[PDB]
Amino acid sequence: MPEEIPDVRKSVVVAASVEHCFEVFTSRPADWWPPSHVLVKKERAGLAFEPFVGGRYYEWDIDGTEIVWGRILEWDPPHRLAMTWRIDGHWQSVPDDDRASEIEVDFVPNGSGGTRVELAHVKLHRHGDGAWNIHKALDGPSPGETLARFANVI
Ligand SMILES: CC[C@@](C)(O)C(=O)CC(=O)c1c(C)cc2c(c1O)C(=O)c1c(O)cccc1C2=O
């Protein structure tokens, strides 16, 4: 979990359909948190989610107001989805992000309950500074990645 986030590409197979991956994203990605042991130091409270291109997702913190932590690029039918991230250095929103980067993600349905995803983030270091700190909100422990925590619960 280095302060700098260089371009890295990782892929993994999980038990889920591509439609499910997004159905859950706009339905309750924060709720994945189990009743025991909290993966996030902060208690997630709510999240706003809307489907579209140049889209936006929001998270509510019990002590933190509602904020947008990401963006989208375009939705490609059950097969590929690209997305841009819209967040500030201190989890704040702004009319435009000068340190915004683009991410390419591919979703393909495997079996009735199999999902293969290829997520590649690039030039994210553009935000540098507390860049991983922003990720700290998403919380991606080395021992377990987002694919692990969300796939296991699904
Ligand atoms: C230790 C955290 C870290 C760096 O592993 C992480 O958080 C990876 C992350 O950007 C990420 C990646 C690489 C892939 C996926 C995802 C990741 O965010 C991911 O969230 C995901 C998902 O929510 C539902 C289906 C598939 C996926 C993914 O394939």
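Residues numbered from 1 in each chain as written, not as in the entry; some residues may be left out. Heavy atoms only, no water.

- Method of determination, as given in the entry header: solution NMR.

**Comments concerning the sheet that holds strand β6 (residues 80-84)**
Right, on to step 1. Pairing in this open sheet of 5 strands is antiparallel, and the strands run β1-β8-β7-β6-β5 from one edge to the other. Strands with a single pairing partner mark the edges of an open sheet, and in this sheet they are β1 (8-14) and β5 (74-76). Averaged over all pairs of adjacent strands, the angle between their axes in this sheet comes to 15°, without regard to strand direction.
Right, on to step 2. Sheet analysis places β6 next to strand β7 (residues 102-110), joined by 5 bridges and oriented antiparallel. What sits directly across from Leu-81, in β7, is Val-105.
Right, on to step 3. Along the sheet, helix α1 (residues 18-27) contacts β6, β7 and β8 (114-121); its crossing angle with β7, the most-contacted strand, is approximately 125°. (Pairing = 2+ DSSP bridges. Helix = DSSP H or I, 4+ residues; strand = E, 2+ residues; numbered from the N terminus. Axes fitted to C-alpha atoms, helices over the stretch in contact; angles between N-to-C directions. Contact = heavy atoms within 4.5 Å.)

**What to know about empty space enclosed by the protein**
Right, on to step 1. Under the definition given, this model contains 1 cavity of 30 Å³ or more.
Right, on to step 2. Its volume calculated, the largest cavity comes out at about 50 Å³.
Right, on to step 3. Looking at the largest cavity, the residues that line it are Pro-29, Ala-30, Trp-32, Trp-33, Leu-39, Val-40, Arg-44 and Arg-149.
Right, on to step 4. Split by residue class, the lining of the largest cavity holds 6 nonpolar, no polar and 2 charged. (1 Å grid on protein atoms, 1.4 Å probe; cavity = no way out; pocket = protein on both sides within 12 Å on 5 of 7 lines; lining within 4 Å. Points joined across faces, edges and corners; volume = space filled by probe spheres on them. Nonpolar A, V, L, I, M, F, W, Y, C, P; charged D, E, K, R; others polar.)

**Remarks on the nonpolar core**
In summary, soluble globular proteins display a tendency toward joint burial of nonpolar side chains.
Right, on to step 1. By size, the foremost hydrophobic cluster in this structure holds 24 residues, and its most contacted members are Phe-22, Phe-25, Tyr-57, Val-105, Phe-107 and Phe-150.
Right, on to step 2. The set of elements that each furnish at least two residues to this core consists of α1, β6, β7, α2 (131-138) and α3 (146-153).
Right, on to step 3. Not counting chain neighbours up to four residues away, the residues in contact with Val-105 comprise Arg-80, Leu-81, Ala-82, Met-83, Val-117, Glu-118 and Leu-119. (Core = buried A, V, L, I, M, F, W, Y, C linked by side-chain atoms within 4.5 Å. Buried < 20%, exposed > 50% of the residue type's maximum accessible area, 1.4 Å probe, protein only.)

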